[PDB]
Every structure is written in structure tokens, then in C-alpha cells.
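What follows is a set of notes on a single structure, which appears directly below.
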Amino acid sequence: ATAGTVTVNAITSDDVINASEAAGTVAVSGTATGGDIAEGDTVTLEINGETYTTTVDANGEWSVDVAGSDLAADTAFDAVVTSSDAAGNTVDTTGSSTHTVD
Ligand SMILES: [Ca+2]
Ligand SMILES: [Ca+2]
Ligand SMILES: [Ca+2]
Ligand SMILES: [Ca+2]
Ligand SMILES: [Ca+2]
């Protein structure tokens, strides 16, 4: 099983978490493609010690709802996609993100 490419979009438009964003939920999104990545593979994000999870869609994208306060307290995290091949062998593909907090 072969690793793909996981990327993480900007954390909101400007890649900054402001006080008003910190108050609620923030959709964190990105892409997962290439290698053996496929639809329904899990994407796992640890943000401020909290584990946030979603799955890959048919177009190689993902989106998860994160508490904005977790984002205000953690300025960097990896998104990790777990894939397998036809024989069952698994692989992890990691993408990284930073953002800033105002
Ligand atoms: Ca960023
Ligand atoms: Ca923002
Ligand atoms: Ca972190
Ligand atoms: Ca400031
Ligand atoms: Ca400011």
C-alpha cells in the first residue's frame, strides 16, 4: 500500500482564527489523493489533544467540524489518512497545517 498526498486548506479564509471564530465551530478541510487513498478512508486530526475524524469523499476531499477554541489553542496539527490496498495492507499518509490565532 502506497501513501498519497494529504493537504489541508487554509484555516478559514485568511488562515487566522479570530476571537469570533474561536467562539464556535470551524470547518477544517483539505484533499486526500494519490497512492492507495480512496473514498471512505478515514482522516484523523489531533487539535489541542482532541481527536477529530472524518472520511474521504469521492472527489478526494474531506471536511471536519472542529471547535474554534481548539484551533485557538493549537496552531499546528497533522491530518493523517489511513488507507489499505486490495490485499488489506495499510498505509498512513500525513499532511501538515499551521495557522495563526489573532
Ligand atoms: Ca495554513
Ligand atoms: Ca479567519
Ligand atoms: Ca498541535
Ligand atoms: Ca492580535
Ligand atoms: Ca487584529
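Index from 1, following the sequence. Both counts, for ligands and for their atoms, begin at 1 and track the order of listing.
Closest to the Ca ion (ligand 4) among the N, O or S atoms of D102 is OD1. Closest approach between the Ca ion (ligand 2) and any N/O/S atom of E21 involves OE2. Within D14, the N, O or S atom lying nearest to the Ca ion (ligand 2) carries the name OD1.
Note on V16: counted as a metal contact of the Ca ion (ligand 2), an N/O/S atom lying under 3.0 Å. Backbone or side-chain N, O or S atoms of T12 reach the Ca ion (ligand 2) at under 3.0 Å.
Judged by distance alone, the side chains of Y52 and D70 do bring a donor and an acceptor atom under 3.5 Å apart. When only modelled atom types and interatomic distance are considered, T12 and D14 share a side-chain donor-acceptor pair under 3.5 Å. Of the N and O atoms on the side chains of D41 and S83, at least one donor lies less than 3.5 Å from an acceptor on the other residue.
Residues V81 and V91 do not share a hydrophobic cluster, clusters being chains of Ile/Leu/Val/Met/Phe/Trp/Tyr side chains in contact below 4.5 Å.
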Apply side chain to side chain contact (heavy atoms under 4.5 Å, CB included) to the pair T98 and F77, showing each step before the final yes or no.
-> CA-CA 7 Å; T98 47; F77 63 84; over 6 Å; no
Would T51 and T44 count as a side chain to side chain contact (heavy atoms under 4.5 Å, CB included) if you check the C-alpha gap in whole Å, the side-chain angles of each, and the deciding distance to 0.1 Å?
-> CA-CA 7 Å; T51 297; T44 298; 3.6 Å; yes
Verdict with supporting geometry, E50 and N48, side-chain hydrogen bond (donor to acceptor under 3.5 Å, both in side chains) = CA-CA 5 Å; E50 181 56 5; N48 200 25; over 6 Å; no
With side chain to side chain contact (heavy atoms under 4.5 Å, CB included) as the test, would you mind laying out the steps for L71 and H99 before giving the verdict?
-> CA-CA 8 Å; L71 287 162; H99 63 273; 3.5 Å; yes
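Take a cut-off of 3.0 Å around the Ca ion (ligand 3): the protein N, O or S atoms inside it are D74 OD1, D74 OD2, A76 O.
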